[PDB]
Amino acid sequence: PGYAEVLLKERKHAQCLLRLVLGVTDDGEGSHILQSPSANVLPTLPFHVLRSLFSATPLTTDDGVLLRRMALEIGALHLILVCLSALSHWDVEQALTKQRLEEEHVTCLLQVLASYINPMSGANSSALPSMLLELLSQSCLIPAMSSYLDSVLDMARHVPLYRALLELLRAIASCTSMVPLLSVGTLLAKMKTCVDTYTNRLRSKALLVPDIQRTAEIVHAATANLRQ
Amino acid sequence: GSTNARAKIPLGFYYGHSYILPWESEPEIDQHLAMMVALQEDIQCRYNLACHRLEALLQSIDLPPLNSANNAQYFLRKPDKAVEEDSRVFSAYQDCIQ
């Protein structure tokens, strides 16, 4: 519930998605949906609409609490975790663009999980149900993203991916039940060491990297609160 | 005695039904019948959608009766608006017949 209005904020894309889910390939205007210029947006689009939905609702309102619990009751986020498990695994540029396509899949589904844990927006433990921690412990997302967690060229390749990882770690640091899921904090110490190494390189010779270091400090303070 | 050249041979067509009959070699068939019924319903739905859009497109068309020389010049020129309308009719009719 509540997904409908946010889907109606993008009306033509909503019509294309609803025609594909009803099983027709055409829009009635003489053009196929797959041949339309919008069709690059539609594979990542419901994740975008869901991320806008989860950012739109706060944790304080009871409708949001029922919304998170309804998301667990459907288990669509479990199928998100299944997709992340199967997706965590010619031309060189074409294969790189394919890996980019799964990379914005990680970015959009991971924006979904980051907005699911913490609503963020302008900016509680009993409001979130307890079973989602257990099913994320069952999910192989956390070891896979810890492997995805080293080189400044590596963040230079995948900027939206590392941004989505960083806001996931900020959402985990925000929640009290998610700090057991991270080990991963020592790996985060390794990337903030890598950020300091690139700081040494710029002392020898973007704006996102100090913010990555700051969010790393935030999650490190969360690990200190966990150890305390 | 033929001279050497490039040879283009049409391979033709082969028509047959899928093996679902048990007695023809020498329940699953009921599930296959239900799947066939659902497939017939889906193809009927898409065909009815094509018929509706073709009917609206047919209502969009005017046709002169060749009573005058102006209608004759309309047939002779074949204007590009009539060309794009006839192309839309050709596409919708091909979808309908398939």
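Same order as they appear, the protein sequences are chains B and A.
According to the deposited numbering, the residues represented by the first sequence are 4155 to 4243, 4291 to 4324, 4339 to 4364, 4367 to 4399, 4420 to 4442, 4463 to 4485, in order.
According to the deposited numbering, the residues represented by the second sequence are 1851 to 1876, 1894 to 1965, in order.
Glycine included, every Cβ here is placed at the ideal spot set by N, Cα and C.
query	result
Verify the CB distance criterion: does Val-4178(B) have a CB-CB separation below 8 Å to chain A?	yes
What residues from the segment 4180-4206 of chain B come within 7 Å of chain A, judged by C-beta to C-beta, listed N to C?	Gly-4182 and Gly-4184
For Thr-4480(B), which residues in the same chain have their Cβ closer than 6 Å to its Cβ, ignoring the five residues on either side in sequence?	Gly-4422
Distance check for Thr-4430(B) and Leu-4176(B), CA to CA, integer angstroms please.	51 Å
For residue 4096(B), does the three-state DSSP call read helix, strand or coil?	There is no way to answer for residue 4096(B), as the model of chain B reaches only from 4155 to 4485.
Work out the CA separation of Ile-4234(B) and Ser-1868(A) for me, nearest whole Å.	37 Å
Listing by chain order, which chain B residues have their CB less than 9 Å from the CB of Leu-1916(A)?	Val-4178, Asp-4180 and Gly-4182
Which first and last residues belong to the alpha helix (DSSP H) in which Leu-4213(B) is found?	Per DSSP, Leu-4213(B) belongs to no alpha helix (DSSP H) and is neither H nor E.
Could you give the first and the last residue of the continuous alpha helix (DSSP H) run that contains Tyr-1869(A)?	It is not in any alpha helix (DSSP H) - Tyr-1869(A) carries neither H nor E in the DSSP assignment.
For chain B, find out if any of its Cβ atoms is closer than 8 Å to the Cβ of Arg-1920(A); answer yes or no.	yes
Could I get the ranges of all uninterrupted alpha helix (DSSP H) runs contained in the segment 4188-4234 of chain B, with 4 residues as the minimum, in chain order?	4199-4210 and 4216-4228
Once the 5 residues before and after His-4202(B) are set aside, which same chain residues still bring their CB inside 7 Å of it?	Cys-4309
With a threshold of 8 Å between beta carbons, is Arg-1944(A) in contact with chain B?	no
Pull up the CB-CB distance for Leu-4241(B) and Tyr-4317(B), whole angstroms please, since I reckon it's below 8 Å.	With a Cβ gap of about 18 Å, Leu-4241(B) and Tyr-4317(B) do not count as contacting.
Return yes when the Cβ of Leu-4351(B) is within less than 8 Å of the Cβ of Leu-4383(B), no when it is not.	no
Taking a contact to mean a Cβ-Cβ separation below 8 Å, would you say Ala-1917(A) touches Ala-1959(A) in this structure?	yes
Using 7 Å as the cut-off, classify the Cβ of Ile-1928(A) as near or not near the heavy atoms of the ligand ATP, replying yes or no.	Absence of the ligand ATP from the depicted structure is noted, as is the absence of any ligand whatsoever, leaving it without description.
Tell me which residues share the same chain as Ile-1870(A) and place their Cβ nearer than 8 Å to its Cβ, disregarding the 5 neighbours each side in the sequence.	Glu-1895, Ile-1896 and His-1899
Sort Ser-4340(B), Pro-4358(B) and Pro-4200(B) by Cα distance to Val-4313(B) and report the nearest one.	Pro-4200(B)
Which same chain residues, not among the five before or five after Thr-4198(B), have their C-beta less than 6 Å away from its C-beta?	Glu-4305 and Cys-4309
Along the chain, where does the alpha helix (DSSP H) containing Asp-4367(B) start, and where does it finish?	Looking at the DSSP string, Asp-4367(B) is not in any alpha helix (DSSP H), and its letter there is neither H nor E.
For a contact meaning CB atoms closer than 9 Å, what does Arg-1856(A) contact in chain B?	In chain order: nothing, as chain B lies at least about 31 Å away.
So, with DSSP's three-state summary, where would you put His-4186(B)?	strand
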